[PDB]
Amino acid sequence: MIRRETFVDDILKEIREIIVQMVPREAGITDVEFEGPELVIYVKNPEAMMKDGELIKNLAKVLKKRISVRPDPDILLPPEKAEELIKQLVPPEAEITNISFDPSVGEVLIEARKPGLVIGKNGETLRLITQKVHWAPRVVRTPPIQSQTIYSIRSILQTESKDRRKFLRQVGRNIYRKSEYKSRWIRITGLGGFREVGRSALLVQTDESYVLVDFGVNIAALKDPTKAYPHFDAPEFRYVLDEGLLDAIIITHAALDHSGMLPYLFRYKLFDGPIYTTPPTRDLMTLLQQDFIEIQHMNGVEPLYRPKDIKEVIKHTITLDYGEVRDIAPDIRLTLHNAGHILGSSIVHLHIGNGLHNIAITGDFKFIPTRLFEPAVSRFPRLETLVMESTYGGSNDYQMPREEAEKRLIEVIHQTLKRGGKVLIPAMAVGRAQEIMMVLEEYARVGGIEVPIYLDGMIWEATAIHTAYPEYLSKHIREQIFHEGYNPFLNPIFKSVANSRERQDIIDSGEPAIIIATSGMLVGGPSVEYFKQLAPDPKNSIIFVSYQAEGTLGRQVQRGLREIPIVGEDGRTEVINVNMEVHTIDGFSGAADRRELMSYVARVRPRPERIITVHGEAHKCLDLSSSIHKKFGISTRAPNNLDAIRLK
Amino acid sequence: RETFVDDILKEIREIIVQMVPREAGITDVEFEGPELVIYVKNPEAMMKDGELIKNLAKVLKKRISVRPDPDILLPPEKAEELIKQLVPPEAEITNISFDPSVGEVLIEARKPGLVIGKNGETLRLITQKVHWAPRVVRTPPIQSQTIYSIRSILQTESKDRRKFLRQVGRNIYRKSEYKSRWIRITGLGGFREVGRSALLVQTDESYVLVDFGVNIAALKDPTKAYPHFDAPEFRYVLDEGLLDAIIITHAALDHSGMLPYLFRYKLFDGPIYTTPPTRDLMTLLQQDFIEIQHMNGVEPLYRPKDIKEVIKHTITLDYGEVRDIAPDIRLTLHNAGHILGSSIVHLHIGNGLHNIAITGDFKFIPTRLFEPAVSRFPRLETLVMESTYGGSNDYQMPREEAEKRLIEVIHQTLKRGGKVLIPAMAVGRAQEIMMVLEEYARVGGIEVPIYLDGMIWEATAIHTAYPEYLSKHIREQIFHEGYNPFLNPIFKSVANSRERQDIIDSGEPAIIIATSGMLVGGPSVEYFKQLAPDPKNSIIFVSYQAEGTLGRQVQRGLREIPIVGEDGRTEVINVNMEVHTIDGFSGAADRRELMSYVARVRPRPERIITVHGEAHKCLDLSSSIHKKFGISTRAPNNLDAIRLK
Amino acid sequence: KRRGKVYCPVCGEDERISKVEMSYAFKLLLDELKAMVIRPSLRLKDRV
Amino acid sequence: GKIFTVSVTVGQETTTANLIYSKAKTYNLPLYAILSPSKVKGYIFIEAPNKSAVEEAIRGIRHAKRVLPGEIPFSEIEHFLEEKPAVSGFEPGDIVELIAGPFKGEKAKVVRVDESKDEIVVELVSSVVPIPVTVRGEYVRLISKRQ
Amino acid sequence: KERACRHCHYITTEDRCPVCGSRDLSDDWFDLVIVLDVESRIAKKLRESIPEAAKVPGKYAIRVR
DNA sequence: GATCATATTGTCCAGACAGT
DNA sequence: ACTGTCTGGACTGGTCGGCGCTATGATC
RNA sequence: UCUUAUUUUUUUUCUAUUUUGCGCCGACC
Ligand SMILES: [Zn+2]
Ligand SMILES: [Zn+2]
Ligand SMILES: [Zn+2]
Ligand SMILES: [Zn+2]
């Protein structure tokens, strides 16, 4: 890491002085340090700290920082005694699955089925555990469905605890290198995704800190490195990367257009530092990068990056919750709000200065209440500059409501599965497939269907991540999970296929079933195999939910051509007669239409001084900006790539 | 970065030996600045006619400089005699100098038109008969110290200048004609503000700096006094040494004040392309700025050796001359008309990819001193325009009745035997006042002497040294006629304080042109102090007066101004002389002038960036242009990047 | 002369400064003594 | 093997060391080792069994003044023959003086220091506007340690 | 010209490196060290820092840039 | 050829001091 | 307490006139 | 079935007025 002025000694001394003057001397404060945006206090006697629950809250309010009180390594119970004490203390209904110990910092990681019982009301159990264990606890949710990605990430974090702690200490030292500082100037530059779709990249530059947002890659023009990669030739980006001045990286949501280029920096050691995001976004973006490099490897092209730099990105990732305010820079405070696009999608709120400026980068988001995700947060404490997507900002971009699309899907399933067919719904592993299966489960809740649903591909991992993070879902799903004893994702009608034997058996069985396999636009995977093995069957119907790129198999099927030429392995081409039935219901998309964007602009509080439209076509962005300016009078801009706009 | 200069030079030599006759004896072909230098052994067969040279320049798109190879060289003591015999005696040659390292002869003559030739054939004949490549410069009828110092610096540092020019030519032609992927305009200063202007043209290959200046008004605050050095793009450019060139629109402190600061800390080592009048006036103004900063007690911004380094790194470009300053960027300068050597910068990026016209300070109405601003370009896409007088109500009075009022006020002052004191800037309005007075006195209106004090003589000498940069009327008077308007016997210069005291004590009527409009320094304060108690005298203000200064105090009607006299005691100035304010001689474009320039520019630019003015004035001008003509107008703040292409 | 003010750099004292008439040889001797790491302190007295 | 010091003319210690090496090669001298660090100016070190061999080897060279009577302990010169970048030991916030480069004879303050690229970032204290510049780590010298 | 190897840090006048047999040569180097005896203490200090240096008598260096 | 860091470290009288 | 020895400092002032000296062995 | 962060207005000009030193030799009072 780079070396800066690092005036954190005076700040730490002031924090220690305030702690001494506030926390009673019976606690015996020993060490005070910074781990990322967190303040870590090691005390000799924690038995005189959490006797009143208001003390931690008052200390956090006074210091304006998140406080993680941990015991000193000297006062550490034996791991077996601590583990048995924790297991005996918690209620049996908590169902603690795994317990891991870190004696370097004295931190216990408790993966449990019900984290609420372990934490308790206002953390009253979480502190009290230390009162009998003298270990600082941290609770995570064990998903009901076993997830390979989450387990691998947790194992990597636990095995690399020393390197992770050193990296966190370095990040915390870099963040608080200065006191509360007011920036002289704030600007934002679009290295990608400005007046275009994909490969988004935002750079917020002040006189002290430089923050990168939503760094991603474009897959539509991957053959051309200029149109697929963000602008690395930008002088500000070159100056930041060469000098190592990138303080933080924030990912809006897990997608190739917002997180594809993240491992590229770590592969070539271009940037090292913290990547702030939400845990679902981190897990889903790791899965997306893994499948992207798998696709690149199978296509015969050189892969963009290896899994090792993906693991490095995992080790350099800091997870934040919704509504949590954290210090990522001496002058910038980062908050993540609900977006409603996908699981873990976060609207970024950057508060720069002591009320000097506020920037809201929505990214991809939805305003209507979806069946799986809550509507986007349209209320902020302060707002001066708003950055919003313009993917559907056209004049005629008025999608049909979700009720009509749900009714169409339900009636299509009804008229197709009564003839013994098998409906195939190719969709992205992170996108609208989860909404589709939620709708199918809700329809099956009535009792009108008993067919199985097979989650071929990586849909099982996404569903497992969704189960592991139910607090990021919609209000109805959160209610049904927490205050009621039933899981919609744990329906017995959902089945998982691991290898080709089960999928071939269910293809050749002839029993009615619903197959949801991920291949993008049928570019490769289980979905193309299902289509090839179900092409001669005329009693089944295929469903297309996403846009079909030209020159792909999905577009060829949607065009109605009855002779699809498909290449095959070991030479030759597999060309066969197709009796598939094609349906197109583009209503489950997680992208807000023009009406939703205008409603979000109207209902946002407070009204921003300026609105910047990005992440969409040039004509769409210009039309949306002109419409907003004509309707509300807000000074709107639609800048192209490499455009710096000075805010304050 | 990689360089393909060797391959380009090899292909240029191949084209030359394909086209240029073999008997000419081409030995070396190299790059000097933006020009291509070819050394020959037989110049007689090289330039039998100018058609071959013109065809070579057109095909290669280079400024061809054909010089004899240093293997053969006539002795200087004989070359001087052959040059004197060859040049007609009508052209008074004042100095002849020889550079033998690279074969060159500099001829400083009073009439360069006869030395250069009717169509340039005299230079070819001279370098054929004497085997010395000629370069002709003008001898100023009024001697100038700054121009002589610049010439001496360029002569005594021929080795360093040649090495710098060779490295600049190597850096410029590192690659062939390159189509830039993107073009960006960034404002490090002068955006929505007055002063400390700085423009950055950024491509994927080259970066160009434009009119790096300083803010005199906000000199107390370092944040506003200087262009933003904390810009990441500027930091990247200066850190990696990617600044290809620096272009100065016109010689002023808000456009060239911070130029020697880069050379003071070795932040820049490339060339500075500007017109010769702009160069000399910029060095004069920088020297004056350093002197008053050193007098005021604050630490000077830079040393005079930094100004000398700027002179050594300055490349002179005439009006209408297109030169390659970057692998994708060609630069030309047109007549801005604001001051002497003021140039509108036309940057042609790519092969028709984009064209930027930075006007800077300019004047559109035809003034007596200078020609109107050039409104015609071969191609125009982006127009960066000043907005100093961009307000709706900003309407300067016309020049004709303003000069009539000035002339009649001077006549009434001299009728009663008083003295006329005219505080003015060092350049700009002062020489316009001199021209108006000379025109009035040429018909016999006034026979009193006119005294120029406080560096106005230096500016007048610099103006005389470059008459081709003046207006059409002055060019006609100087070249075709034998009368020089600046060389009138009425114009007199002082030598010391004794002559100033003699002028003050003289009872005859006279006109005195001071040096400071604010009466802050120079002989203006002394003249005001010694002429204020006399009621017959008068003072005429031709420029805006700043609050807190002596000029504004005496303009506001204060009949008794208390000032700090000698012995640390307050002495009052009893102002009984008449006070007049005629501010119609400003060299900045009026709002009507800006609107006329926008309407009459050819071709119509795709976008207009309103800079160099107050934020409200810039916004008003941009809105007015957008509402009137429909052109997309922007008035961005500092640290704002606009992607043109 | 540029600032136009007389002040003592070792001490400050922008007010209590007095003009003393003496030989330039004595000033040279004082400079030599200061160069020899010897500090001569001139205790000024009124002429009357 | 004992370490002795040979005083030479400043700026040409390497030339004198090469001359001594050539003399030892072509004259059969019992010289064990010769060291000439670039940081040390005007002196070189010679590992030899005795000082007599040192003064005999340096004899006949006009650029070798004398040999110091004392013997240098090996711990004093142990740090000289150690692989360590010149940027090590430099922390931001102090004041340094730039020995060479375009900013010759200038004092500055360290802002950023990295050892991978063997370079350091310094802001000139005499500059009114803060403009950081990069300079080689071996081109600076610490004048006062501060944070 | 004068060039120093980057692997064994040997100083040689010609292109070939006759000690380590590598094809990397650097034009910039400091800290000339002369080795005449194998057992000499500074040669041992060079060996523990650079395992492929101070193998034969000649010229060496600690750092190459 | 034109530059550039370095360029070595006679007598007599009077006061202070080891020696017996 | 005496006695020979080592060390340190000064050696009248002024004037006229002249003579002559105050870099060099590497480096590109 | 869940913890510990914050938020907003009062400083001005495009620039200026008589070669020492060192040392030698000779001569005079
Ligand atoms: Zn997106
Ligand atoms: Zn200007
Ligand atoms: Zn004092
Ligand atoms: Zn080697």
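Proteins come first, then strands; the chains are lettered A, B, ... in the order of their sequence lines, and each starts at number 1.
Across every strand in view, H:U13 sits unpaired, with no contact that passes the Watson-Crick or G-U test at under 3.5 angstrom. Across all strands shown, F:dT6 pairs with G:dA23; the Watson-Crick or G-U wobble distances both stay below 3.5 Å.
Considering only the side chain of D:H63, G:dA26 comes nearest among H:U6, H:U17, G:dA26. Closest to the side chain of A:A60, from the set H:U4, H:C14, G:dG25, is H:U4. Looking at the side chain of B:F289, the nearest of the listed nucleotides H:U15, H:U17, H:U1 is H:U15. In the set H:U7, G:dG25, H:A5, H:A5 carries the atom at the smallest distance from any side-chain atom of A:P37. Comparing H:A16, H:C14, H:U6 by their nearest atom to the side chain of B:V194 picks out H:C14. With distances taken from any side-chain atom of A:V325 to the nucleotides H:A5, H:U7, H:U13, the minimum falls on H:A5. For A:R66, counting side-chain heavy atoms from C-beta on, the closest listed nucleotide (H:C14, H:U17, H:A5) is H:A5. Picking from H:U17, H:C14, H:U4 the nucleotide with the shortest atom distance to the side chain of A:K57 gives H:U4.
Partner of A:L59 under the side-chain contact (heavy atoms from CB on, under 4.5 Å) criterion, out of A:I67, A:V69, A:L39: A:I67 alone.
Side-chain atoms of B:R500 come within donor-acceptor range of the base of H:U17, with a qualifying N/O pair under 3.5 Å. Remark: the A:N354 side chain and the H:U7 base include no donor-acceptor N/O pair separated by less than 3.5 Å. The base of H:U1 lies close enough to the side chain of A:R141 for a donor and an acceptor atom to sit less than 3.5 Å apart.
Between A:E324 and A:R326 there is a salt bridge, with a side-chain nitrogen of the basic residue lying less than 4.0 Å from a carboxylate oxygen of the acidic one. Salt-bridge formation is not detected for the pair A:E384/A:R610: no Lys NZ or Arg NE/NH1/NH2 atom is positioned less than 4.0 Å from an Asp or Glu carboxylate oxygen. Using a 4.0 Å cut-off between a side-chain N of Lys or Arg and a carboxylate O of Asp or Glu, B:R500 and B:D453 qualify as a salt bridge. A salt bridge between A:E107 and A:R138 is present, with a side-chain N of the basic residue lying under 4.0 Å from a carboxylate O of the acidic one.
In terms of position on RNA chain H, the residue among A:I56 and A:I481 whose nearest nucleotide sits closer to the 5' end is A:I481.
Nucleic acid contact for B:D221: none, since no nucleic acid atom lies under 4.0 Å from a heavy atom of the residue.
Taking atom P in both G:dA26 and H:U19, one finds a spacing of 39 Å when rounded to whole Å.
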